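A.B. asks: One structure is given below, represented as structure tokens, and several questions about it will come after.
Counting neighbours? That spans all protein chains shown, and the Cβs are built from the backbone with ideal geometry, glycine included. Every read-out reported here was derived from the displayed coordinates using simple, explicitly stated rules and does not represent laboratory data.
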Amino acid sequence: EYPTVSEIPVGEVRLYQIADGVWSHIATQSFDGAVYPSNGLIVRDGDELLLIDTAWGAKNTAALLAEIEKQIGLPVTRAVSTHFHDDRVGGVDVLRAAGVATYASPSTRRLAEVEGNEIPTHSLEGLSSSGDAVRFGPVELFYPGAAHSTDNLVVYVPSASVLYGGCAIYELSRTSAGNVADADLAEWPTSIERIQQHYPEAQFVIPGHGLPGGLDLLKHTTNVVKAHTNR
Ligand SMILES: Nc1cccc(-c2cn(-c3cccc(C(=O)O)c3C(=O)O)nn2)c1
Ligand SMILES: [Zn+2]
Ligand SMILES: [Zn+2]
């Protein structure tokens, strides 16, 4: 069973195996007075591992590297951050010092900089325009357009039919918007439509926070975002 927020002490990291060579990592962090869960992804890349997003903070991310060594043993060699917030780049300095090459789009790195957040080392090219995709080892990276943030990326594992939507996708139980201070509410439904046109056979959809499900997370997220708009 997928771990939930009350089951994970802040500072601990769970791994959840989704398919052969695909796991999610789950951690918790206090933010604005409450403790939230947060998801990232781990994708096997032959004798290496590709990491998607930190575990939200230097300490959680150190524990993430430890859990990966304990439970998988393959080396993390590259990391991608899917947007510029703490829950995606917080812990990038730990990844870098540990020898992980850290990547993000130029927009993400620039917004992280403006924000005073840790900054992935390398820019990802080819993701500047809505609908752009690029191959990155065992995954495709997709910029669906502005949504949760103007820079947010989604990650697809074609061999596993795993779509990692990051914080642009909500879990099914979520009935209100959440942190939208950096969102583009008007653009967000359109960006989700691009995701749906691109990955309609996704069998496992992972939100930035909370429980994975099926393709219905997409439409559901559109509904919640619009409802937040209309009031
Ligand atoms: N340094 C900085 C600046 C602004 C925002 C953040 C941040 C906000 N985070 C969130 C906390 C709880 C929930 C969510 C969500 O996706 O709904 C987020 C988020 O990613 O915005 N995570 N990092 C950090
Ligand atoms: Zn965010
Ligand atoms: Zn988030």
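Conditions tested, residue by residue: (1) within 12 Å of ligand 3 (Cβ to nearest atom); (2) surrounded by fewer than 16 Cβ atoms within 10 Å (Cβ to Cβ).
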residue: 135; (1), (2): no, yes
residue: 141; (1), (2): no, no
residue: 144; (1), (2): no, no
residue: 148; (1), (2): yes, no
residue: 159; (1), (2): no, yes
residue: 168; (1), (2): yes, no
residue: 175; (1), (2): no, yes
residue: 179; (1), (2): yes, no
residue: 186; (1), (2): no, yes
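A.B. asks: Please work out which residue is nearest to ligand 1 (Cβ to nearest atom), limiting yourself to the stretch 93-107 and to residues that are in contact with a helix residue (DSSP H, G or I) (Cβ under 8 Å, 6 or more places away or on another chain) and part of a helix (DSSP H, G or I).
C.D. replies: 93
A.B. asks: Filter the stretch 194-218 for residues that are in contact (Cβ under 8 Å) with a residue 24 or more places away in the chain and not in a loop (DSSP other than H, G, I, E, B) and give the result.
C.D. replies: Hits for the stretch 194-218 are 194, 195, 198, 204, 205, 206, 207, 213, 216, 217, 218.
A.B. asks: Let me ask something additional. Suppose we filter the stretch 160-178 for residues that are within 13 Å of ligand 1 (Cβ to nearest atom) and either among the aromatic types (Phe, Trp, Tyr) or without any contact (Cβ under 8 Å) to a residue 12 or more places away in the chain (or both); how many remain?
C.D. replies: Looking only at that region, the number is 1.
A.B. asks: When you look at residue 42, is it touching a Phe, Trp or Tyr at 6+ places or on another chain (Cβ under 9 Å), within 23 Å of residue 174 (Cβ to Cβ) and buried (at least 20 other Cβ atoms within 10 Å of the Cβ), yes or no?
C.D. replies: Values: touching a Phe, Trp or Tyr at 6+ places or on another chain (Cβ under 9 Å): yes; within 23 Å of residue 174 (Cβ to Cβ): no; buried (at least 20 other Cβ atoms within 10 Å of the Cβ): yes.
When the stated conditions are applied, residue 42 does not pass them.
A.B. asks: How many residues are surrounded by fewer than 22 Cβ atoms within 10 Å (Cβ to Cβ) and either over 24 Å from residue 157 (Cα atoms) or among the β-branched types (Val, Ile, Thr) (or both) if we restrict to the stretch 19-36?
C.D. replies: Residues flagged as surrounded by fewer than 22 Cβ atoms within 10 Å (Cβ to Cβ) and either over 24 Å from residue 157 (Cα atoms) or among the β-branched types (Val, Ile, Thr) (or both) within the stretch 19-36 amount to 8.
A.B. asks: Under the condition of being within 15 Å of the chain's Cα centre (by Cα) and more than 16 Å from ligand 3 (Cβ to nearest atom), which residue from the stretch 193-212 is surrounded by the most Cβ atoms within 10 Å (Cβ to Cβ)?
C.D. replies: Kept after step one, since they are within 15 Å of the chain's Cα centre (by Cα), are these residues of the stretch 193-212: 195, 204-212.
Narrowing the set further to residues that are more than 16 Å from ligand 3 (Cβ to nearest atom) leaves 195, 204.
Numbers: 195: 24, 204: 18.
Among them, the one singled out is 195.
A.B. asks: Would you please name the residue that is nearest to residue 80 (Cα to Cα), looking only at residues in the stretch 1-57 that are part of a loop (DSSP other than H, G, I, E, B) and among the aromatic types (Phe, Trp, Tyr)? Let's see the steps before the verdict.
C.D. replies: Kept after step one, since they are part of a loop (DSSP other than H, G, I, E, B), are these residues of the stretch 1-57: 1-4, 8-13, 20-21, 32-33, 46-47, 53-57.
Imposing the further condition that a residue be among the aromatic types (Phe, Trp, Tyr) reduces the set to 2, 56.
Numbers: 2: 23, 56: 13 Å.
Of everything passing the filter in the stretch 1-57, 56 is nearest to residue 80 (Cα to Cα).
A.B. asks: Name the one entry in 116, 131, 126 that is within 15 Å of ligand 1 (Cβ to nearest atom), over 17 Å from the mean Cα position of the chain (by Cα) and on the phi > 0 side of the Ramachandran plot. Spell out the reasoning first.
C.D. replies: Numbers: 131 fails: within 15 Å of ligand 1 (Cβ to nearest atom); 126 fails: within 15 Å of ligand 1 (Cβ to nearest atom).
Just one listed residue meets the conditions, 116.
A.B. asks: Something else about it: In this structure, is residue 186 within 13 Å of ligand 2 (Cβ to nearest atom) and in a loop (DSSP other than H, G, I, E, B)?
C.D. replies: Details: within 13 Å of ligand 2 (Cβ to nearest atom): no; in a loop (DSSP other than H, G, I, E, B): yes.
The answer is no for residue 186.
A.B. asks: Working only within the stretch 58-87, note down all residues that are surrounded by fewer than 23 Cβ atoms within 10 Å (Cβ to Cβ) and assigned to a loop (DSSP other than H, G, I, E, B).
C.D. replies: First, the residues of the stretch 58-87 that are surrounded by fewer than 23 Cβ atoms within 10 Å (Cβ to Cβ): 58-59, 62-63, 65-78, 86.
Within the stretch 58-87, 72, 73, 74, 75 qualify.
A.B. asks: Now, a different point. Quick check on the stretch 143-159. Is at least one of its residues part of a strand (DSSP E or B), free of Cβ contacts under 8 Å to residues at least 40 places away in the same chain and within 17 Å of the chain's Cα centre (by Cα)?
C.D. replies: yes
A.B. asks: Does residue 231 satisfy being away from ligand 2 (no atom under 16 Å from the Cβ), of a type in the set (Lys, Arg), within 22 Å of residue 105 (Cα to Cα) and surrounded by fewer than 16 Cβ atoms within 10 Å (Cβ to Cβ)? Talk me through it step by step, then tell me what you get.
C.D. replies: Numbers: away from ligand 2 (no atom under 16 Å from the Cβ): yes; of a type in the set (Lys, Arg): yes; within 22 Å of residue 105 (Cα to Cα): no; surrounded by fewer than 16 Cβ atoms within 10 Å (Cβ to Cβ): yes.
Answer is no for this residue.
A.B. asks: Hey, among the residues in the stretch 115-133 that are free of Cβ contacts under 8 Å to residues at least 24 places away in the same chain and either charged (D, E, K, R) or part of a helix (DSSP H, G or I) (or both), which one's surrounded by the most Cβ atoms within 10 Å (Cβ to Cβ)? First the steps, then the outcome.
C.D. replies: Keep residues of the stretch 115-133 that are free of Cβ contacts under 8 Å to residues at least 24 places away in the same chain, which gives 116, 122-123, 125-126, 128-129, 132.
Checking the rest, the ones that are also either charged (D, E, K, R) or part of a helix (DSSP H, G or I) (or both) come to 125, 132.
Working: 125: 10, 132: 17.
Filtering the stretch 115-133 for residues that are free of Cβ contacts under 8 Å to residues at least 24 places away in the same chain and either charged (D, E, K, R) or part of a helix (DSSP H, G or I) (or both), the one surrounded by the most Cβ atoms within 10 Å (Cβ to Cβ) comes out as 132.
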